[PDB]
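First up is the structure itself, then whatever we jot down about it.
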2 protein chains.
Amino acid sequence: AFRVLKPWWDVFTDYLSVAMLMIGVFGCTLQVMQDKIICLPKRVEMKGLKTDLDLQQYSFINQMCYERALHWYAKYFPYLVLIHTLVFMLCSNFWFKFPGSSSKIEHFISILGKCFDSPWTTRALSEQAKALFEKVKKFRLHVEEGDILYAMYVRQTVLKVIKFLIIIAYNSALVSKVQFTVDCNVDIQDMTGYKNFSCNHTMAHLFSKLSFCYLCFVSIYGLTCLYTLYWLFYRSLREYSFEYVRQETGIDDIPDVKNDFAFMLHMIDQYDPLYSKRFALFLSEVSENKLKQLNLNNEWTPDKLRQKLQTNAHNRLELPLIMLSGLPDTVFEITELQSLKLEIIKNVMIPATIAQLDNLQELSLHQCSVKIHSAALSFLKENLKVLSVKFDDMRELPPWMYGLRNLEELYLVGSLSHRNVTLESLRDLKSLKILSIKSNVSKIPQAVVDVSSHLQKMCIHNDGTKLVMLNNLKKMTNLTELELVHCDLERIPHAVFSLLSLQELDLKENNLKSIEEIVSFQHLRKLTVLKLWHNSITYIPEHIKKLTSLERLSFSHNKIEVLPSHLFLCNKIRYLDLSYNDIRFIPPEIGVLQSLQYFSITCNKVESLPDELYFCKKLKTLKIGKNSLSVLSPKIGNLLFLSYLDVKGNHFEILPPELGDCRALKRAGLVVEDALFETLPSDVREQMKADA
Amino acid sequence: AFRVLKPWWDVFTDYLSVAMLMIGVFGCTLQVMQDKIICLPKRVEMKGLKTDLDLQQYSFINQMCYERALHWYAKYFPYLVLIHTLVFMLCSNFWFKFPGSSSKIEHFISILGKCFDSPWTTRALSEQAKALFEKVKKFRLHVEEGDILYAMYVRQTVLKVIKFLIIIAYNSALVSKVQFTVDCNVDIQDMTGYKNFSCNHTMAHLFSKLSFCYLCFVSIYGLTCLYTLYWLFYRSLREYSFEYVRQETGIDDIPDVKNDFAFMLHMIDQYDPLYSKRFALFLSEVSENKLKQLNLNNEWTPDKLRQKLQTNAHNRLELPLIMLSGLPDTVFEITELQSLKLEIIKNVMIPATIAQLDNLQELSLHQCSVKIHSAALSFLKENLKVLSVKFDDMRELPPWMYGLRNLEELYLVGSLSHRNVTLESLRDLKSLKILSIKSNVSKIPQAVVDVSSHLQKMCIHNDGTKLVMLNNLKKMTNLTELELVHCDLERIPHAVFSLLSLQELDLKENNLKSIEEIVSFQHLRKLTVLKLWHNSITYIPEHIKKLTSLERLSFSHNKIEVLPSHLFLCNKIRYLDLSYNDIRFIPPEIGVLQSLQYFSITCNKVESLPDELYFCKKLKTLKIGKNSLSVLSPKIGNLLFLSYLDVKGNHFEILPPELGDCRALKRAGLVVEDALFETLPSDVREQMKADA
């Protein structure tokens, strides 16, 4: 901030100014020492020329004639040179004495010094520099808006030039004016009796010679200004192009700088090019990317990663990654985890280092625009078996995943149709077995036809975008598991029966009130599972009783109030859930479904419990829900296998000790009011809460 | 920081300049104080000669004849001294007062101080200085672009010489110009009534003496200059070579220097040779390597190595080396390890220190360009038995391995055809018995036949390149086990029938469909094992019944849909895997191959069991897999040897307790769904899972 700021010509001018200051102080010192004029009255074997005057009269004449005849330049030359030298020095150093410019220049000097002081600069050219990067960009944004410093420096140069010109111009004339002798014709006569006087003062001749050499100095000074002025109109210093660091280091960033930034770069280059070389990289963005990589690698230890390792949803060892700028290399040192999820980590590319991570089959990507390596791609196609993608606008969507073959589980989160899904061909997915979609697609894409030959499980849950077109749905014959959530069809589309190998069915949130297409379900006697979530059924078909293979039945959230007992002809069912309906009564013939093991009718107005319900002793989970049931029958002892019971919200007053016979049911599986449990005697409550 | 910069001649000149300044200020001070000329009017028993002129006219005459007749050199001599002295001072100091050169000089000073201060220099000539090596090399690369220092210093000496010469030139003439007495005839008559005057000034003779003494100093100054000038134009300092440190310390590095480097080093020697002596070492690359090795061994300790020591794939005590640039010596202090692996370690040469490590039979090189010591080479040839090589572009492949003799197992990782497999003569390997290749080669290279005279196992696993030519393969008389994995054969190559000693065969991922050459394979009566992984063979010709020696059958991911019964005409088989195929049911002939011990039909379409399956008790491990089975027969109690059972993915509802018959089978071997497992009784499940 005090030494590196000066180009060579500036140093030359500074030393010249010092020399001028020395000249001026020397002249002033000599003047105050011996500036004496001697005077005699002019008009008048040779002999004396006695003037019969006292000394004091001579002193008076000296003073008066000194004031009168001797030119003022001769008298004041030392002060003049001293002040003009001082004006040079002040005009030179106002470049830093001005606080507005001073702050900018000082902050630049500090940042550049810390920049070339960084050994990380050398390492990149071959840590804490990261903090210096933000200061670099802060300075570049804050100060590039300036260039006033350049203009006012130009002003300083111009004023130095013009002041040099004026000094030379007028001194060239005044130098001749001084003289050794002098002749003053002053009317002190008749008070001293003399009118004409010859005089001379000591310094005159010396000053002449002195001033002579002084002029030379000034000339030299002016020359330097010209050079600088040439340098000021020969470089167009409002812009600098590196064009060699970008050439040599090959980094195509660091294109250019602003005007004052070009100014400071050229100045420091005049001082030394190497500082410009060192200062250039901190502006490179790739350098900061590599530094971020280094910092995360230092911070992310394999121990730290193993701290965050947990189990995924699908029983695998997985590493959470919620916010990163890239891939820590230490991650590749942990190959044992079978799953991996990365969330909101943009602009990433997986190297061949994934080849280390062989013991992996599951990968997850929540809004991460990530690409691959070729060896990484081969490793994926040969090793990855499960993939989850939460994309938003297909910006995260990579094409190369369509080349994957060994994948068998796939989950899609992110709207596609937004109204035809812009889905690429699902050809290479040769080992695919599970497909999941969470989008707003209106028609089944063609690309699914590309994989259905071996697919087994699929999952579509649109946000209400009704699947208007069903052609490819009729092709999904090899498909074996199907569930529809909020597909908004309101009925059973004919394509449903197009698939025979299906065993599990759902029409969740599809508002089903009359589902009497059961006739073509008599074409599908393999339907083991039938879900009807969030539907509209107050009207149960009879034809369902013709189906034999039914094992688990769902009719959650519907509006039927009386269930026709002939529906009990599907005697193979085990899991039954008519919850959130308007049912009120239970027919006795409900005893004929001995295979039933699960029962749940929550949020319904069921009122009667026929002991025949106890007859299906396989029932282990009975969930009446909030109801109006008042009596607990003894035949609950018939349910020695009852593992769960949900009676919350009923009219049981005192619970008989019958629950003592129910070993399989304990305090956990019991859902009743605590007052109800209070009426239970000691033995039942003891065998229930503990082993007694 | 500045003393070292000054050889004797420059110090002497500085002293002389200081003496010049003292003389000059002496002269100016006395000129101001005492230097007054006295004057009298010249032309006029003896008596007094009263001139009746008061003090005033005497002062005036004094000044006038001071200026007029007294010579100008006499008056200006002290100021001449001052100007010349200050010019010498300025010129001498300008060498370090020019910023561009001075920055390099300061960086030179810093690096010289740090390098001389390093005690590791003494240690080498007898830690963190490795951080000084990069500073040394950056200094050398930067300052090898100068030579301005030499020219600048030469110009300074030249200007000093010319100033000396001109000083002598005119002072010799003008010294005698001064005179004690002086005469002046000035038209001051009618001013003081006199024209002719005699005068003299006190300092006159003094100046003479003074001048002489001053000139004396000047003279020697020039001599000093001449010395340097001769010393500057008699050695050609533009190039320096040590030629002593290279000879004394016996290191052929540190060859030469740049021109300005030469000049700097010459100046240092003139000041002090041993400073440059101690600087010389940080310039050695050998010394840099030695200090890097020393600090690496400071970081590397045998305990750290033994922490990493583990067991390899071939159950050997092995040291994983993942990121290194050299060979830690503590490694050579650990001999108990039986294997060694090195990954990504370039530019390393193994010393004879492995002679300390006799207990080695396995070695590995994962992308490591490695050279040897001759004694190390002999130790390897006599000691190594196993080696794994991972290479990318063969640059890491050191051919001296082809000379090894006693190795038993070798592994190759990388392409070779690049389309002749890049192989050298495999004749020097006198003990190879097992070979493994991972490449993209289409033809068997000749040189393998050179080791086929004693090679016992050959394993080639290309990445899909078709094994087009097999002429050399047929010559492998000693070959016993052949593997052709992923060779894209699509048909049986004839060369296999040319290998009589064949016992174990693999055809993984060759996608064969027609295998009617079994009769040709009938020539090989020793076909112990045959693999058909991932082939396209829809069905099996009956000819395979004629190979009794068949013991293991693999049909993973093949196109078989119906299995002919004649396969069960070879009861010598123990291993039988036809999983991932299209079989719907099993003929009861599976009951006649009693020797079967392993069975796997996962991902097939079996739906019922020929109870003759319960007749072959030797089947210890059963893998039904995810197929369409629905019931499990109690006859499973026959095969008590059965220890593993994989039925998951079937349509079972209740598991019979007869699985508790097979004590070998337990919950570990029992691959069942938890709901299916619950169907077992409490006693049976407790016996399976634990000791109940």
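Heads up, residue numbers simply count up from 1 along the chain you see.
Looks like electron microscopy, 4.4 Å, at least that's what the header says.
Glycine too: its Cβ is placed from the backbone N, Cα and C atoms.
Per Swiss-Prot, the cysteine from A:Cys115, A:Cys184, A:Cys199 that shares a disulfide bond with A:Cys39 is A:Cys199. Checking A:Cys28, A:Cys115, A:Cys184 against Swiss-Prot, the residue bonded to A:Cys65 by a disulphide is A:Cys184. When DSSP labels each residue, the repeat 'LRR 5' (A:381-404) comes out as 8 helix, 5 strand, 11 coil, counted as helix, strand and coil in that order. DSSP assignment over the repeat 'LRR 17' (A:664-687) gives 12 helix, 2 strand, 10 coil.
In terms of DSSP secondary structure, the expression tag (A:690-692) contains 0 helix, 0 strand, 3 coil. Taken residue by residue, the repeat 'LRR 4' (A:358-379) breaks down under DSSP into 6 helix, 7 strand, 9 coil.
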